[PDB]
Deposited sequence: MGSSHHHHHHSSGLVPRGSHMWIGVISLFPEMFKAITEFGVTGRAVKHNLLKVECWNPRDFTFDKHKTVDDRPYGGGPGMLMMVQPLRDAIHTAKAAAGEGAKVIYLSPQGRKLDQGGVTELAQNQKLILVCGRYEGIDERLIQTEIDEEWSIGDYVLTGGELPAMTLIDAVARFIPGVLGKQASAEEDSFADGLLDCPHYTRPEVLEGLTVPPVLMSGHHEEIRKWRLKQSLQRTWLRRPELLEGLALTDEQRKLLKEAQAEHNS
């Protein structure tokens, strides 16, 4: 392991997945791809398929009590987890991604990003045996109240979200707990819509206050529950009241 890029806060993420090639979407492209090449982020996959012993490499099994779907077969999945934990050494927290988990939000991303090592277990079918949660999983997390064909997209979502908090990965995330303000680039006029003159003014302080007021107004109109989680600054209370008066 070598290179010139400061990597003091580098993260290691082990992944248990039946489809490790999915992870190329994050390891080979964009900002996450650069993090991996610069050794700020390492993503290491184990496939339960490689832990099977039968001729057909069976990775699913029938649920007790019947019902329609399959579960991940215990022995191959358990063996893959044990191999990832041995590789990771001490301090690796094991995360299972499921709709039954703790709801991920940006605060939870920053809590997760304090871990120098994670193992992300990706369930396929109707998920994993309850007893493996009890014996192998440190924390269960959901990316949101929907059901996907597997935990791989949730795992990749968490990796990407945490990676942004690794110093050096980026070249301001829900700034102030608010929805982000509108942004504008060239051209000055688009389908008769003009860039707000304040953004053209060069007045750094008036621009700051316009963006903060817009963020407060958009949070209030779209996601008012997000305001209730906040103790607004004096300046923020005044800009919201001005945006609420102007709306009315």
| item | value |
| --- | --- |
| Missing stretches, numbered from 1 on the deposited chain sequence and kept in order | 1 to 10, 182 to 188, 266 |
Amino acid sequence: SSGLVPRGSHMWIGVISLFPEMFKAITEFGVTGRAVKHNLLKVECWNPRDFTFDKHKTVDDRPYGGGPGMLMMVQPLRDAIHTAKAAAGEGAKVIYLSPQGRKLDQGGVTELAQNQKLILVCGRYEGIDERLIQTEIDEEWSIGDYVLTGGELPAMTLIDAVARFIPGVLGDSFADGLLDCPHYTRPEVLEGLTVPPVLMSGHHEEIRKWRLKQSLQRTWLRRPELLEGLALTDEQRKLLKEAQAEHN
From here on, numbers count along this sequence of modelled residues.
property: Mean C-alpha B-factor comparison - 173 to 181 and 108 to 116, higher one; result: 173 to 181
property: Residue range whose averaged C-alpha B-factor is higher in the record, 16 to 24 or 229 to 237; result: 229 to 237
property: Of the residues 60, 44, 205, 50, the one carrying the largest Cα B-factor as recorded; result: 205
property: C-alpha B-factor winner, where the candidates are 147, 158, 71, 92; result: 92
property: Record-listed C-alpha B factor of residue 215: chain third; result: middle
property: Modelled-residue ranking by C-alpha temperature factor, third containing residue 167; result: highest
property: Where the record places residue 39 (Cα B-factor, split into thirds across the chain); result: middle
property: Among modelled residues of the same chain, the CA temperature factor third for residue 33; result: lowest
property: Relative C-alpha B-factor of residue 86, binned into the chain's lowest, middle or highest third; result: highest
